[PDB]
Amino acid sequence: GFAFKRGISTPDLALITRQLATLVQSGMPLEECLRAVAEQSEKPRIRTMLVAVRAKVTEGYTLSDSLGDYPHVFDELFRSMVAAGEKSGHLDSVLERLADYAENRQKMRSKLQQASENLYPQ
């Protein structure tokens, strides 16, 4: 009974984290923010995931706890940061920090991937 799951692409994580941060900072309810990010996704799997995260949130779970249903997508640091914002009343600010982080991660990582590819078939 071995299982294996992969997360999402670094740009896909950057997009959904930016969108969530944007919506939460505009003052819309968290559950409605999760709905909009899901409904705006081009990726069926991400829609399904965020529907599922939202479903746990509506059943009373914190965002951090709900994201822990997808540990292969949101790592311990990401979830820890969310948990910190929620425990402290600064989810809005932590999501902004997570969105900036994920964006810079995507950019840096994409560069390396591209440079690797560039040099290889040179």
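So that there is no doubt, residue numbering starts at 1 and follows the sequence shown.
Q: If you take the mean CA temperature factor per stretch, which one wins between 8 to 16 and 104 to 112?
A: Here the higher of the two C-alpha B-factor means belongs to 104 to 112.
Q: Using the B-factor values recorded in the entry, state whether the Cα atom of residue 79 falls in the lowest, middle or highest third among the modelled residues of its chain.
A: Answer is lowest: the recorded C-alpha B-factor places it there.
Q: Could you tell me which third, lowest, middle or highest, the C-alpha B-factor of residue 35 occupies within its chain?
A: For residue 35, whose C-alpha B-factor we compare with every modelled residue in the chain, the answer is the lowest third.
Q: In terms of the chain's CA B-factor thirds, is residue 96 lowest, middle or highest?
A: Within its chain, residue 96 is a lowest-third residue by C-alpha B-factor, going by the deposited values.
Q: Within this chain's modelled residues, let me know which third the CA B factor of residue 26 belongs to: lowest, middle or highest.
A: Tercile = lowest for this residue's CA B-factor.
Q: Per the entry's values, where does residue 48 land by CA temperature factor relative to the rest of its chain, in the lowest, middle or highest third?
A: Lowest third - that is where residue 48 ends up once the chain's C-alpha B-factors are sorted.
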